[PDB]
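Colleague: Before I ask anything, let me first share the structure, which is written out below as structure tokens.
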There are 2 protein chains.
Amino acid sequence: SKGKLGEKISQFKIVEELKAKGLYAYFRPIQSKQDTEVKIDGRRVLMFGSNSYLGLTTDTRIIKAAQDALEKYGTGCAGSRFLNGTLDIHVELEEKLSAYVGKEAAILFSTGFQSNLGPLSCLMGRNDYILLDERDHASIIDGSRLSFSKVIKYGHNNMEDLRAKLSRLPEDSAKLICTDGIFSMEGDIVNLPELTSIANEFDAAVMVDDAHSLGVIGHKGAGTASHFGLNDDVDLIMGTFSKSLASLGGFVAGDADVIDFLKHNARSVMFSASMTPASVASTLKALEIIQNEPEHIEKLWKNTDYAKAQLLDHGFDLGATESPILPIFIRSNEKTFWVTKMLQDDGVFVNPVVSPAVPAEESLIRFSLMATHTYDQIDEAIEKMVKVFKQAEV
Amino acid sequence: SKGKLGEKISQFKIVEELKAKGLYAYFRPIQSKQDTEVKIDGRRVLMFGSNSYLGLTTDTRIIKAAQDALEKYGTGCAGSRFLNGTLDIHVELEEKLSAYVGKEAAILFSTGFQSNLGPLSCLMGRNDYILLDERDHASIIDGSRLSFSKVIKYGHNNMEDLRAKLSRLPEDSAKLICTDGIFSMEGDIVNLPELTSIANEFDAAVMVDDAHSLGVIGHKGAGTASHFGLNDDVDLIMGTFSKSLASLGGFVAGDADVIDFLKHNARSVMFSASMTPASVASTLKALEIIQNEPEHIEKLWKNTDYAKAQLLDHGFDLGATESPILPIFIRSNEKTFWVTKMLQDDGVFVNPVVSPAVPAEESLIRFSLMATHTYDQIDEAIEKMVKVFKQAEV
Ligand SMILES: Cc1ncc(COP(=O)(O)O)c(CN[C@@H](C)C(=O)O)c1O
Ligand SMILES: Cc1ncc(COP(=O)(O)O)c(CN[C@@H](C)C(=O)O)c1O
């Protein structure tokens, strides 16, 4: 029945208003492969709103690996890994990932999102604590909400706040600290050296979400622990396959005893169907390419260094990024929606960040680089962004 | 740091004991496509533990549709539907599903699990209520736990308990009832006529999880509302693609205003990458086949009717199933593990249900039919199950 349900959704008017104003730019229907240019409404559009940092979703070797896995294994496994949904290739990918990030063991999940739900829901329980950076990804907040533990946010990269909040807690309790490696909003990197120094002092477990770090920082892109040399101080490395690795799914890697506990106790792996064969094979092939072909990471960072330099030269106000995410401040929700749609209509795709996710005065567009971007494409996009910022009176 | 973490996992010994006893049969690595026979350890094994009810994960047309989508769209969309992860084909599949289940609109999710997290987390909030059948799927309990509402379980298909618990609640509050359509443990069907009669009396929203119903019950397999004629009394129809539809992902269909609220407010769709092109195309092609080719559903039910008849004739104790899930009672965890492994070693794959998920005295194996099963295969499996139950002294 719909009476109260209709009242619950009645005040959600922003989409109706965006659409009526001709500003709506969510769920833009792409007609082509994710690439440096995409087709929308039959038009070519420069893509600066992707997470495919290495441009690998078009790599013919990865496509062929996926197509061959469809030929051999079919379209799906039709059950949880726990029961009838494990393939030899899922186990192969776990062993490969474990080697890549320097851990004993890994368990796959069908999404990155579910990869955070699993360890955050089941390791800390009643009388225990989870400590979260306040800017942690939504999947980390949700995973921690599924635990029976007490969840505590600390100030963004605020090690004094982290230390203070841990110091308060009963000694006879388990604690887990979970942090993004690279935070996606502002593109900044966790202070892992101090965070792990505090974790070591308080015997708290450390989990790092490397969704934006894998294929980006660390040796051969192995992520945030790898970038700092702190493999030995990080209990659990989580990653997704939907960004650099060009696929869908995720993992958690760690000590064989911890991973064996997760794979038999995490509801998001016991009660959800396993990764499709095609996504296992594309992740496997992408992982090989990232390590074997150093040029992809190198070119991502040449693009990043060039674009950031060009943006600061043109006087754009950037966030404190240390990554291929270039947050460009606009500081008005109305202007952020206008700039986003005007760019779309001039053939540039960027992602808006608005209230209520951020304060109006911190509203911004996110401009993300891919290894496959050319300097010519970057220059075109920035030329068009200078014009739209002028038109918009930012 | 690992001291307290090691203590949290220290008492989880069942896997170590199963493995040391030679009884472990979780995460069995399959080497071949999900089918009526699978290869494990280079041996052929009859598969009676699948959720691929129509056997479609091997359909060459569905494989080719997926391979063609890889060719056209690449290996992934590399972002949320909300931002850069929408394809024309995701929208096509939403329109197709909406038509199939008789609703205005649908939103895809990258897993079935996430399809329950979305509406349960974001529609009911503070001062509202979610009412859950006590046997609801784990993803429904977790989705409801992510809401800021008060979550209330009612007795399994206990309409007097449902009515009583609703009657207690403040009138000035929103209520949502969420139920599995077909419950996977015992294979039973929700009492949707009475549940919707109560929902209508109390103006409570109705959500049905049709993971095991789509491709199984209702006109041309359209699910539980379709089976009862109660499309008009069900607000939200959720489904997965990982069972009859031979793929990965899920959806929620409903009124265009409710679905537009979800697709902009559900964290599991705004903050998780979209379905892979290959899984969109396999779901599209599978959906066509289920409707165009009535023989698949017909043969599922001929197999179901035959196997259930043969099991009751041999004197097996079955659960109160109304579906292709044939729960066979064993009523000892030790015997359930022994029977499961002895079947595996004789070339039969079945799924155990044990403590702590059920009481020891309700432990069982689940024997699930596929349309592609032959009577000869069913007969072989039952002959082997009679022998193992004898060997096991059940
Ligand atoms: C009733 C029900 N709802 C929702 C889901 C989640 O759908 P996905 O597997 O597509 O995420 C399942 C999963 N079932 C299997 C996996 C199980 O519980 O073993 C289910 O049985
Ligand atoms: C830090 C972080 N962790 C985890 C996830 C979830 O991974 P999957 O998308 O593979 O489920 C994301 C998703 N990001 C994108 C989708 C976003 O938030 O728009 C993320 O940014």
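In the structure tokens, chains take the letters A, B, ... in the order shown, each chain's residues start at 1, and ligands count up from 1 in the order shown.
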Rotate and translate chain B onto chain A via least squares on all in-order Cα pairs, then write the result as a compact mmCIF listing (two decimals) with C-alpha atoms, in the first residue's frame.

Modeller:
# COMPACT_ATOMS: atom_id res chain seq x y z
CA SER B 1 0.00 0.00 0.00
CA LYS B 2 1.38 3.47 -0.91
CA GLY B 3 -0.03 6.24 1.38
CA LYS B 4 2.85 6.59 3.92
CA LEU B 5 5.41 5.51 1.28
CA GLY B 6 4.28 8.40 -0.98
CA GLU B 7 4.74 10.79 1.99
CA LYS B 8 8.31 9.45 2.74
CA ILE B 9 9.50 10.38 -0.85
CA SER B 10 7.28 13.54 -1.28
CA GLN B 11 10.02 16.08 -0.26
CA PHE B 12 12.66 14.68 -2.70
CA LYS B 13 12.29 17.37 -5.42
CA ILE B 14 15.93 18.06 -6.57
CA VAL B 15 15.73 15.59 -9.50
CA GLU B 16 12.37 17.00 -10.70
CA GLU B 17 13.85 20.51 -10.47
CA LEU B 18 17.13 19.61 -12.25
CA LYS B 19 15.16 17.94 -15.07
CA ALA B 20 12.70 20.86 -15.48
CA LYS B 21 15.62 23.35 -15.56
CA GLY B 22 17.41 21.27 -18.24
CA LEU B 23 20.35 20.65 -15.85
CA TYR B 24 19.96 16.92 -15.14
CA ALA B 25 23.14 14.93 -15.90
CA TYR B 26 22.92 11.75 -13.75
CA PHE B 27 22.59 8.28 -15.33
CA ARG B 28 23.80 9.73 -18.72
CA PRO B 29 23.25 6.78 -21.17
CA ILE B 30 26.60 5.89 -22.86
CA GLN B 31 26.35 4.03 -26.19
CA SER B 32 29.97 2.87 -26.52
CA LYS B 33 32.85 1.35 -24.56
CA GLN B 34 34.18 3.30 -21.55
CA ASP B 35 37.13 5.15 -23.14
CA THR B 36 38.75 8.60 -23.42
CA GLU B 37 35.76 9.51 -25.71
CA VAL B 38 32.28 8.01 -25.25
CA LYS B 39 29.12 8.34 -27.38
CA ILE B 40 26.06 9.90 -25.72
CA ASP B 41 22.98 10.78 -27.81
CA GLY B 42 25.07 9.82 -30.92
CA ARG B 43 27.68 12.62 -30.08
CA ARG B 44 31.34 12.17 -29.03
CA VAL B 45 32.10 13.34 -25.43
CA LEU B 46 35.55 13.50 -23.73
CA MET B 47 35.45 11.25 -20.62
CA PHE B 48 37.13 12.86 -17.57
CA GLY B 49 34.68 11.25 -15.11
CA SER B 50 35.88 7.61 -15.14
CA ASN B 51 37.60 5.37 -12.60
CA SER B 52 39.30 3.27 -15.33
CA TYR B 53 42.67 4.81 -14.37
CA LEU B 54 44.70 2.63 -16.75
CA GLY B 55 42.17 2.68 -19.69
CA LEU B 56 42.11 -1.14 -19.68
CA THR B 57 38.34 -1.78 -20.26
CA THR B 58 39.08 -1.58 -24.05
CA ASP B 59 42.29 -3.71 -24.03
CA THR B 60 41.59 -6.41 -26.70
CA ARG B 61 43.59 -8.98 -24.64
CA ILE B 62 41.28 -8.44 -21.61
CA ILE B 63 38.14 -8.55 -23.81
CA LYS B 64 39.39 -11.81 -25.43
CA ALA B 65 40.22 -13.34 -21.98
CA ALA B 66 36.61 -12.53 -20.88
CA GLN B 67 35.10 -13.91 -24.15
CA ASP B 68 37.19 -17.14 -23.80
CA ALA B 69 36.00 -17.53 -20.15
CA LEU B 70 32.36 -17.17 -21.37
CA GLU B 71 33.09 -19.91 -24.00
CA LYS B 72 34.58 -22.30 -21.36
CA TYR B 73 32.50 -21.52 -18.19
CA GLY B 74 29.25 -19.93 -19.41
CA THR B 75 27.50 -16.76 -18.23
CA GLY B 76 27.48 -17.29 -14.44
CA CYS B 77 28.15 -19.72 -11.59
CA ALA B 78 24.53 -19.54 -10.20
CA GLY B 79 25.49 -19.64 -6.53
CA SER B 80 27.65 -18.41 -3.61
CA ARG B 81 31.40 -19.25 -3.64
CA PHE B 82 30.56 -21.08 -0.32
CA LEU B 83 28.39 -23.66 -2.14
CA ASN B 84 28.30 -24.25 -5.94
CA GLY B 85 29.81 -20.94 -7.20
CA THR B 86 33.62 -21.55 -6.87
CA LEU B 87 35.65 -22.06 -10.09
CA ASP B 88 39.30 -23.02 -10.32
CA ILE B 89 39.73 -19.50 -11.82
CA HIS B 90 38.34 -17.73 -8.70
CA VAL B 91 41.02 -19.58 -6.63
CA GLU B 92 43.70 -18.67 -9.24
CA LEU B 93 42.74 -15.01 -8.97
CA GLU B 94 42.86 -15.16 -5.13
CA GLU B 95 46.38 -16.66 -5.24
CA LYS B 96 47.49 -14.02 -7.82
CA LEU B 97 46.09 -11.13 -5.75
CA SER B 98 47.63 -12.49 -2.50
CA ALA B 99 51.03 -12.54 -4.28
CA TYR B 100 50.51 -9.03 -5.74
CA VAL B 101 49.73 -7.31 -2.41
CA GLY B 102 52.10 -9.54 -0.38
CA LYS B 103 49.55 -11.42 1.80
CA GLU B 104 48.98 -15.12 2.69
CA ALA B 105 45.46 -15.35 1.24
CA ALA B 106 42.51 -13.57 -0.36
CA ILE B 107 38.73 -13.99 -0.74
CA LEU B 108 36.86 -12.51 -3.71
CA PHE B 109 33.54 -10.71 -3.47
CA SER B 110 31.15 -10.00 -6.40
CA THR B 111 31.51 -6.20 -5.85
CA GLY B 112 33.94 -3.86 -4.21
CA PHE B 113 31.02 -2.60 -2.07
CA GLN B 114 30.44 -6.18 -0.73
CA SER B 115 34.29 -6.53 -0.14
CA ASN B 116 33.98 -3.82 2.54
CA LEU B 117 30.70 -5.23 3.96
CA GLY B 118 32.32 -8.61 4.65
CA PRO B 119 35.21 -7.87 7.08
CA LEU B 120 33.55 -4.80 8.70
CA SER B 121 30.32 -6.75 9.44
CA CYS B 122 31.88 -9.90 11.00
CA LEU B 123 35.31 -9.34 12.75
CA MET B 124 34.41 -6.78 15.48
CA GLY B 125 31.27 -7.61 17.50
CA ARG B 126 29.50 -6.73 20.77
CA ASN B 127 31.84 -4.87 23.20
CA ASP B 128 34.32 -4.18 20.30
CA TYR B 129 34.98 -0.97 18.29
CA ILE B 130 35.49 0.10 14.67
CA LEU B 131 37.32 3.42 14.10
CA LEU B 132 36.58 5.05 10.69
CA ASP B 133 38.07 8.13 9.06
CA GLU B 134 35.05 10.50 8.75
CA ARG B 135 35.62 10.65 4.90
CA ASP B 136 35.62 6.85 4.49
CA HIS B 137 33.70 5.43 1.50
CA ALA B 138 29.95 4.85 1.97
CA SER B 139 30.53 1.01 1.75
CA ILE B 140 32.85 1.20 4.80
CA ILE B 141 30.27 3.14 6.84
CA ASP B 142 27.59 0.61 5.76
CA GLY B 143 29.81 -2.44 6.49
CA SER B 144 30.57 -1.06 9.97
CA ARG B 145 26.81 -0.43 10.49
CA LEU B 146 26.25 -4.19 9.80
CA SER B 147 28.67 -5.14 12.63
CA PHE B 148 27.35 -5.49 16.22
CA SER B 149 30.27 -3.25 17.31
CA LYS B 150 30.37 0.40 18.40
CA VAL B 151 31.36 2.52 15.34
CA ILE B 152 33.44 5.71 16.00
CA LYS B 153 34.40 8.28 13.32
CA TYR B 154 37.64 10.25 13.66
CA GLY B 155 38.57 13.54 12.01
CA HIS B 156 39.79 13.21 8.42
CA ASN B 157 43.50 12.14 8.63
CA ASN B 158 43.40 13.47 12.25
CA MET B 159 45.90 11.20 14.03
CA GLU B 160 45.50 13.14 17.38
CA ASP B 161 41.71 12.46 17.19
CA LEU B 162 42.31 8.78 16.27
CA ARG B 163 44.80 8.38 19.17
CA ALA B 164 42.48 10.20 21.66
CA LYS B 165 39.43 8.10 20.70
CA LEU B 166 41.35 4.77 20.94
CA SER B 167 42.91 5.81 24.32
CA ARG B 168 39.35 6.18 25.78
CA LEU B 169 38.27 2.59 24.97
CA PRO B 170 38.33 -0.36 27.43
CA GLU B 171 41.62 -2.34 27.12
CA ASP B 172 39.67 -5.69 27.14
CA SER B 173 38.06 -5.03 23.72
CA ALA B 174 38.99 -5.62 20.10
CA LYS B 175 39.47 -2.58 17.81
CA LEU B 176 39.67 -2.27 14.04
CA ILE B 177 40.70 0.92 12.13
CA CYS B 178 39.41 1.09 8.55
CA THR B 179 40.52 3.83 6.11
CA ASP B 180 40.42 4.54 2.38
CA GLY B 181 43.98 4.45 0.99
CA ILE B 182 43.33 7.18 -1.57
CA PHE B 183 40.14 9.05 -0.62
CA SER B 184 38.04 9.60 -3.81
CA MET B 185 36.56 13.13 -3.08
CA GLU B 186 39.79 15.13 -2.72
CA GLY B 187 42.18 12.37 -3.99
CA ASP B 188 44.35 12.57 -0.81
CA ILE B 189 46.34 9.69 0.76
CA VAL B 190 45.84 8.34 4.31
CA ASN B 191 48.68 9.07 6.82
CA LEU B 192 49.36 5.32 7.02
CA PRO B 193 52.74 5.66 8.87
CA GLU B 194 51.15 7.45 11.89
CA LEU B 195 47.85 5.47 11.66
CA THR B 196 49.80 2.17 11.84
CA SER B 197 52.08 3.55 14.65
CA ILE B 198 48.91 4.26 16.71
CA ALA B 199 47.32 0.90 15.73
CA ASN B 200 50.53 -0.89 16.93
CA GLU B 201 50.43 1.04 20.28
CA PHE B 202 46.76 -0.01 20.92
CA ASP B 203 46.91 -3.49 19.28
CA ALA B 204 44.13 -2.43 16.86
CA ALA B 205 43.64 -4.22 13.50
CA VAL B 206 44.25 -2.14 10.35
CA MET B 207 42.16 -2.41 7.18
CA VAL B 208 42.90 -0.26 4.04
CA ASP B 209 40.42 0.19 1.15
CA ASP B 210 42.67 0.49 -1.93
CA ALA B 211 39.84 0.94 -4.50
CA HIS B 212 41.58 4.09 -5.93
CA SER B 213 45.16 2.97 -5.01
CA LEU B 214 45.51 -0.37 -6.91
CA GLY B 215 47.07 0.27 -10.35
CA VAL B 216 47.85 3.86 -9.13
CA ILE B 217 50.36 3.90 -6.16
CA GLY B 218 52.75 1.31 -4.68
CA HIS B 219 55.31 -0.93 -6.48
CA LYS B 220 53.79 -2.03 -9.85
CA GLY B 221 50.54 -0.44 -8.46
CA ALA B 222 50.25 -2.81 -5.45
CA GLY B 223 48.60 -0.06 -3.35
CA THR B 224 48.89 2.05 -0.23
CA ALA B 225 50.78 -0.33 2.13
CA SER B 226 53.17 -0.98 -0.78
CA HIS B 227 53.58 2.84 -1.36
CA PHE B 228 54.63 3.35 2.35
CA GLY B 229 56.55 0.04 2.80
CA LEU B 230 54.02 -0.91 5.59
CA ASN B 231 52.74 -4.36 4.31
CA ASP B 232 53.69 -5.74 7.80
CA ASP B 233 51.53 -3.17 9.74
CA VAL B 234 48.31 -3.61 7.64
CA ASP B 235 46.13 -6.64 8.61
CA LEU B 236 43.65 -6.51 5.66
CA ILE B 237 44.05 -5.00 2.16
CA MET B 238 40.72 -4.56 0.39
CA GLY B 239 40.46 -3.74 -3.29
CA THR B 240 37.90 -3.43 -6.09
CA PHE B 241 38.20 -4.66 -9.72
CA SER B 242 35.91 -1.94 -11.15
CA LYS B 243 38.60 0.84 -11.43
CA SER B 244 42.19 0.14 -12.67
CA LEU B 245 41.37 -3.57 -13.07
CA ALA B 246 38.65 -2.82 -15.69
CA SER B 247 36.09 -5.37 -14.37
CA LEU B 248 33.62 -5.91 -11.48
CA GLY B 249 34.19 -7.46 -8.06
CA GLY B 250 36.65 -7.08 -5.23
CA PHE B 251 38.76 -8.85 -2.63
CA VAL B 252 40.13 -8.82 0.85
CA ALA B 253 43.66 -10.15 1.37
CA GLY B 254 45.37 -10.96 4.65
CA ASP B 255 46.64 -13.70 6.93
CA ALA B 256 45.32 -17.19 5.97
CA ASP B 257 43.58 -17.62 9.39
CA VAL B 258 41.75 -14.24 9.15
CA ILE B 259 40.75 -14.85 5.49
CA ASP B 260 39.53 -18.39 6.31
CA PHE B 261 37.36 -16.87 9.11
CA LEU B 262 35.97 -14.21 6.65
CA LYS B 263 35.19 -16.55 3.79
CA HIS B 264 33.03 -18.72 6.20
CA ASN B 265 31.47 -15.83 8.30
CA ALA B 266 30.97 -12.76 6.03
CA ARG B 267 27.30 -12.65 4.92
CA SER B 268 28.26 -10.70 1.75
CA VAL B 269 30.30 -13.76 0.49
CA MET B 270 28.16 -16.65 1.93
CA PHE B 271 24.83 -15.21 0.69
CA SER B 272 25.66 -13.62 -2.67
CA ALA B 273 26.45 -15.26 -6.02
CA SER B 274 30.09 -15.41 -7.11
CA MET B 275 31.85 -13.23 -9.76
CA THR B 276 30.98 -14.13 -13.38
CA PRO B 277 33.64 -16.16 -15.24
CA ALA B 278 34.14 -13.27 -17.69
CA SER B 279 34.91 -10.84 -14.78
CA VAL B 280 37.36 -13.34 -13.15
CA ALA B 281 39.26 -13.72 -16.49
CA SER B 282 39.29 -9.91 -17.25
CA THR B 283 40.60 -9.21 -13.72
CA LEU B 284 43.28 -11.94 -14.10
CA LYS B 285 44.42 -10.53 -17.50
CA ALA B 286 44.31 -6.90 -16.30
CA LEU B 287 46.42 -7.82 -13.22
CA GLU B 288 49.08 -9.41 -15.53
CA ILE B 289 49.14 -6.27 -17.78
CA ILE B 290 49.51 -3.77 -14.86
CA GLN B 291 52.65 -5.66 -13.65
CA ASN B 292 54.14 -6.72 -16.99
CA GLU B 293 53.67 -3.33 -18.77
CA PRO B 294 54.95 -0.47 -16.56
CA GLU B 295 54.01 2.11 -19.27
CA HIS B 296 50.30 2.19 -18.17
CA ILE B 297 50.99 3.52 -14.63
CA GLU B 298 53.80 5.78 -16.01
CA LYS B 299 51.41 7.37 -18.56
CA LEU B 300 48.60 7.77 -15.95
CA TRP B 301 51.05 9.87 -13.87
CA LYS B 302 52.39 11.84 -16.89
CA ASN B 303 48.74 12.72 -17.67
CA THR B 304 48.04 13.52 -14.00
CA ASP B 305 51.16 15.71 -13.66
CA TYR B 306 50.40 17.55 -16.93
CA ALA B 307 46.67 18.14 -16.24
CA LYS B 308 47.27 19.29 -12.61
CA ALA B 309 50.01 21.71 -13.79
CA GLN B 310 47.74 23.09 -16.61
CA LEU B 311 44.73 23.50 -14.18
CA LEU B 312 46.81 25.39 -11.56
CA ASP B 313 48.36 27.56 -14.38
CA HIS B 314 44.80 28.54 -15.56
CA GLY B 315 44.10 29.47 -11.90
CA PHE B 316 41.59 26.71 -11.02
CA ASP B 317 41.25 26.11 -7.28
CA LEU B 318 42.23 22.42 -6.70
CA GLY B 319 41.71 20.15 -3.71
CA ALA B 320 44.70 18.64 -1.84
CA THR B 321 44.95 15.67 -4.25
CA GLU B 322 47.89 13.21 -4.37
CA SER B 323 46.29 11.08 -7.09
CA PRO B 324 44.82 11.14 -10.62
CA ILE B 325 41.62 12.65 -9.09
CA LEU B 326 41.76 16.47 -9.70
CA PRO B 327 38.97 18.02 -7.61
CA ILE B 328 38.15 21.49 -9.04
CA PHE B 329 36.32 23.75 -6.47
CA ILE B 330 33.19 25.68 -7.57
CA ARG B 331 31.68 26.34 -4.05
CA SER B 332 28.03 26.74 -5.25
CA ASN B 333 25.63 23.80 -5.81
CA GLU B 334 23.68 25.79 -8.48
CA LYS B 335 26.96 26.65 -10.34
CA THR B 336 28.21 23.01 -9.94
CA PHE B 337 25.03 21.67 -11.65
CA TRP B 338 25.20 24.44 -14.37
CA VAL B 339 28.99 23.85 -15.08
CA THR B 340 28.41 20.06 -15.19
CA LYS B 341 25.56 20.27 -17.74
CA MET B 342 27.22 23.04 -19.86
CA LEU B 343 30.38 20.85 -20.07
CA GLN B 344 28.28 17.82 -21.05
CA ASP B 345 26.58 19.89 -23.81
CA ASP B 346 30.05 21.02 -25.09
CA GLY B 347 31.40 17.42 -25.14
CA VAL B 348 33.18 17.13 -21.70
CA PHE B 349 32.12 14.60 -19.00
CA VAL B 350 33.02 15.51 -15.39
CA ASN B 351 31.41 14.40 -12.09
CA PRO B 352 29.74 16.87 -9.69
CA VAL B 353 30.00 16.74 -5.88
CA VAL B 354 27.15 18.77 -4.27
CA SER B 355 25.03 19.14 -1.11
CA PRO B 356 23.98 17.20 0.77
CA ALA B 357 27.18 15.04 0.26
CA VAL B 358 29.36 18.20 0.87
CA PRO B 359 28.71 21.73 2.14
CA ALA B 360 27.65 24.11 -0.72
CA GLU B 361 30.95 26.07 -0.21
CA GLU B 362 32.98 22.82 -0.93
CA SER B 363 30.91 21.78 -4.04
CA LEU B 364 33.26 20.78 -6.87
CA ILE B 365 33.71 18.85 -10.14
CA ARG B 366 36.03 15.83 -10.20
CA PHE B 367 38.33 15.58 -13.22
CA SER B 368 39.94 12.10 -13.35
CA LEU B 369 42.83 11.06 -15.64
CA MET B 370 43.19 7.73 -17.56
CA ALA B 371 46.57 6.42 -18.86
CA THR B 372 45.01 6.45 -22.38
CA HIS B 373 44.21 10.21 -22.29
CA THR B 374 46.29 12.29 -24.70
CA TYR B 375 47.68 15.78 -23.88
CA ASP B 376 45.50 17.08 -26.83
CA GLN B 377 42.37 15.67 -25.13
CA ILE B 378 43.40 17.23 -21.75
CA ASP B 379 44.04 20.56 -23.47
CA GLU B 380 40.59 20.51 -25.22
CA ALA B 381 38.80 19.70 -21.93
CA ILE B 382 40.65 22.48 -19.95
CA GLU B 383 39.96 25.03 -22.82
CA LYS B 384 36.24 24.11 -22.62
CA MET B 385 36.32 24.25 -18.74
CA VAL B 386 37.87 27.78 -18.85
CA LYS B 387 35.01 28.88 -21.17
CA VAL B 388 32.22 27.28 -19.05
CA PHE B 389 33.68 28.75 -15.77
CA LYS B 390 33.64 32.19 -17.56
CA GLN B 391 30.02 31.68 -18.83
CA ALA B 392 28.99 30.51 -15.29
CA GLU B 393 30.66 33.49 -13.43
CA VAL B 394 32.57 31.15 -10.93

Colleague: Could you please write out, as an NGL selection string, every residue of segment 207-330 of chain A that DSSP assigns to helix (DSSP H, G or I)?

Modeller: :A and (219-221 or 224-228 or 231-233 or 256-265 or 267-270 or 277-292 or 295-313)

Colleague: Store the residues picked out above, limited to C-alpha atoms, as a tab-separated table (two decimals), in the first residue's frame.

Modeller:
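Contents of result_20.tsv, as written:
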chain	number	residue	atom	x	y	z
A	219	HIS	CA	55.31	-0.93	-6.48
A	220	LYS	CA	53.79	-2.03	-9.85
A	221	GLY	CA	50.54	-0.44	-8.46
A	224	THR	CA	48.89	2.05	-0.23
A	225	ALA	CA	50.78	-0.33	2.13
A	226	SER	CA	53.17	-0.98	-0.78
A	227	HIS	CA	53.58	2.84	-1.36
A	228	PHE	CA	54.63	3.35	2.35
A	231	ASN	CA	52.74	-4.36	4.31
A	232	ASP	CA	53.69	-5.74	7.80
A	233	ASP	CA	51.53	-3.17	9.74
A	256	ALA	CA	45.32	-17.19	5.97
A	257	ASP	CA	43.58	-17.62	9.39
A	258	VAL	CA	41.75	-14.24	9.15
A	259	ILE	CA	40.75	-14.85	5.49
A	260	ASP	CA	39.53	-18.39	6.31
A	261	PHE	CA	37.36	-16.87	9.11
A	262	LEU	CA	35.97	-14.21	6.65
A	263	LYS	CA	35.19	-16.55	3.79
A	264	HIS	CA	33.03	-18.72	6.20
A	265	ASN	CA	31.47	-15.83	8.30
A	267	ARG	CA	27.30	-12.65	4.92
A	268	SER	CA	28.26	-10.70	1.75
A	269	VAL	CA	30.30	-13.76	0.49
A	270	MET	CA	28.16	-16.65	1.93
A	277	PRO	CA	33.64	-16.16	-15.24
A	278	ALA	CA	34.14	-13.27	-17.69
A	279	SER	CA	34.91	-10.84	-14.78
A	280	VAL	CA	37.36	-13.34	-13.15
A	281	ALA	CA	39.26	-13.72	-16.49
A	282	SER	CA	39.29	-9.91	-17.25
A	283	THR	CA	40.60	-9.21	-13.72
A	284	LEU	CA	43.28	-11.94	-14.10
A	285	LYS	CA	44.42	-10.53	-17.50
A	286	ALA	CA	44.31	-6.90	-16.30
A	287	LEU	CA	46.42	-7.82	-13.22
A	288	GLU	CA	49.08	-9.41	-15.53
A	289	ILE	CA	49.14	-6.27	-17.78
A	290	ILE	CA	49.51	-3.77	-14.86
A	291	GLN	CA	52.65	-5.66	-13.65
A	292	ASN	CA	54.14	-6.72	-16.99
A	295	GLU	CA	54.01	2.11	-19.27
A	296	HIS	CA	50.30	2.19	-18.17
A	297	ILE	CA	50.99	3.52	-14.63
A	298	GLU	CA	53.80	5.78	-16.01
A	299	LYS	CA	51.41	7.37	-18.56
A	300	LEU	CA	48.60	7.77	-15.95
A	301	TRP	CA	51.05	9.87	-13.87
A	302	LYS	CA	52.39	11.84	-16.89
A	303	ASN	CA	48.74	12.72	-17.67
A	304	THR	CA	48.04	13.52	-14.00
A	305	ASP	CA	51.16	15.71	-13.66
A	306	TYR	CA	50.40	17.55	-16.93
A	307	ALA	CA	46.67	18.14	-16.24
A	308	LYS	CA	47.27	19.29	-12.61
A	309	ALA	CA	50.01	21.71	-13.79
A	310	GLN	CA	47.74	23.09	-16.61
A	311	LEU	CA	44.73	23.50	-14.18
A	312	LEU	CA	46.81	25.39	-11.56
A	313	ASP	CA	48.36	27.56	-14.38

Colleague: Quick one: DSSP strand (DSSP E) residues in segment 92-341 of chain A, as number ranges by chain?

Modeller: A: 105-109, 129-133, 150-154, 175-180, 205-209, 236-240, 250-254, 325-329
